[PDB]
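S.K.: I am attaching a structure below and will ask some questions about it afterwards.
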Amino acid sequence: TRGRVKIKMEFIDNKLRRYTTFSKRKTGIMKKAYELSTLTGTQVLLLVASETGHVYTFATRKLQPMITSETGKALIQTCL
Amino acid sequence: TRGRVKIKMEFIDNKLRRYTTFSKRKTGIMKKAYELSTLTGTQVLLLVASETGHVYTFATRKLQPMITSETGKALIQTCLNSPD
DNA sequence: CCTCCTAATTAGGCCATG
DNA sequence: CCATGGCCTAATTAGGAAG
């Protein structure tokens with residue numbers, strides 16, 4: 001097919017494409033976080049919130065409280 | 001050269017090789033974070049802590065306070081410095 | 001601590017499905 | 001409706017090893 005197209009760095013107006021891009025890139029960066037974490041053994045935290053009010057997150061042991069602790073969850077919710 | 005190599009998902013014992021990977025991977029995931037954020041217009045928060053203790057971070061407008069505030073910064077500090 | 005040669009690896013449309 | 005999930009290719013991204 002046309003292969004991967006060089007998308008211009010800008011907000012995708014087409015709701016369809018925007019959402020489609022989100023799911024893919026969301027999964028991508030999530031794996032990247034996992035990889036960086038395990039490979040170098042460094043503490044990583046990732047939080048992504050979709051328009052659909054979904055909060056996809058990834059956190060390392062010592063950083064989990066940021067999203068798990070009531071205190072952290074509160075801050076997160078406040079920011080959103 | 002040989003090209004890119006299939007790195008087995010595990011802790012890189014070779015400290016120098018490890019940090020080399022970290023430097024690239026880090027800047028890469030940071031780029032991704034920016035791209036996803038600006039592209040889809042969604043809120044993103046990234047936090048990466050090196051062995052050296054450096055806390056490299058990135059966050060979208062709404063999430064900035066998470067890393068730039070007494071409450072936010074404190075929480076980050078507590079986690080990193082609390083027993084495991 | 002922050003380029004080169006290449007292969008590993010994401011994604012982009014697009015359509016399909018839970 | 002929304003979120004993935006392949007398919008087919010092409011744009012990136014990191015190893016390894018040096019600058």
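A note on labels: chains of the structure tokens are A, B, ... as shown, every chain counts residues from 1, and ligands are counted from 1 in their shown order.
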When DSSP works through the backbone of this structure, what residues of chain B end up as strand (DSSP E or B), shown as number ranges by chain?

M.R.: B: 43-49, 55-59

S.K.: Restrict the distance test to only C-alpha atoms (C1' of nucleotides), flag each residue of chain A within 12 Å of chain C, and return the flagged residues as a ChimeraX atom specification.

M.R.: /A:1-8,16-18,20-29,31-32

S.K.: Per residue of chain B within 8 Å of chain C, record the nearest atom pair and its distance in Å to one decimal, counting only C-alpha atoms (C1' of nucleotides), with rows in chain order and ascending residue number, as JSON lines.

M.R.:
{"residue": "B:1", "atom": "CA", "partner": "C:5", "partner_atom": "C1'", "distance": 4.4}
{"residue": "B:2", "atom": "CA", "partner": "C:6", "partner_atom": "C1'", "distance": 6.4}
{"residue": "B:3", "atom": "CA", "partner": "C:6", "partner_atom": "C1'", "distance": 3.6}
{"residue": "B:4", "atom": "CA", "partner": "C:7", "partner_atom": "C1'", "distance": 4.7}
{"residue": "B:5", "atom": "CA", "partner": "C:8", "partner_atom": "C1'", "distance": 6.8}
{"residue": "B:6", "atom": "CA", "partner": "C:8", "partner_atom": "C1'", "distance": 6.6}

S.K.: Where does chain B meet chain A within 8 Å, residue by residue, with the nearest atom pair and distance in Å to one decimal for each, counting only C-alpha atoms, listed by chain and rising number, as a tab-separated table?

M.R.:
residue	atom	partner	partner_atom	distance
B:9	CA	A:39	CA	6.3
B:10	CA	A:39	CA	5.1
B:11	CA	A:39	CA	4.5
B:12	CA	A:39	CA	5.8
B:18	CA	A:40	CA	5.6
B:19	CA	A:40	CA	7.0
B:21	CA	A:40	CA	7.4
B:22	CA	A:40	CA	6.0
B:25	CA	A:36	CA	6.2
B:26	CA	A:36	CA	7.2
B:29	CA	A:32	CA	6.4
B:32	CA	A:29	CA	6.5
B:33	CA	A:29	CA	7.1
B:35	CA	A:9	CA	6.9
B:36	CA	A:25	CA	6.4
B:38	CA	A:11	CA	5.8
B:39	CA	A:11	CA	4.4
B:40	CA	A:18	CA	5.5
B:41	CA	A:11	CA	6.1
B:42	CA	A:50	CA	5.7
B:43	CA	A:49	CA	5.4
B:44	CA	A:48	CA	4.7
B:45	CA	A:47	CA	5.0
B:46	CA	A:46	CA	4.7
B:47	CA	A:45	CA	4.9
B:48	CA	A:44	CA	4.5
B:49	CA	A:43	CA	5.1
B:50	CA	A:42	CA	5.6
B:51	CA	A:42	CA	6.5
B:62	CA	A:79	CA	5.4
B:63	CA	A:79	CA	5.6
B:65	CA	A:79	CA	7.3
B:66	CA	A:75	CA	6.9
B:72	CA	A:75	CA	7.6
B:75	CA	A:66	CA	7.1
B:76	CA	A:66	CA	7.3
B:79	CA	A:62	CA	5.6
B:80	CA	A:62	CA	6.1
B:82	CA	A:62	CA	7.9
B:84	CA	A:62	CA	6.9

S.K.: Write down as a PyMOL selection string the residues of chain B whose backbone DSSP state falls under alpha helix (DSSP H).

M.R.: chain B and resi 15-40+64-67+70-81
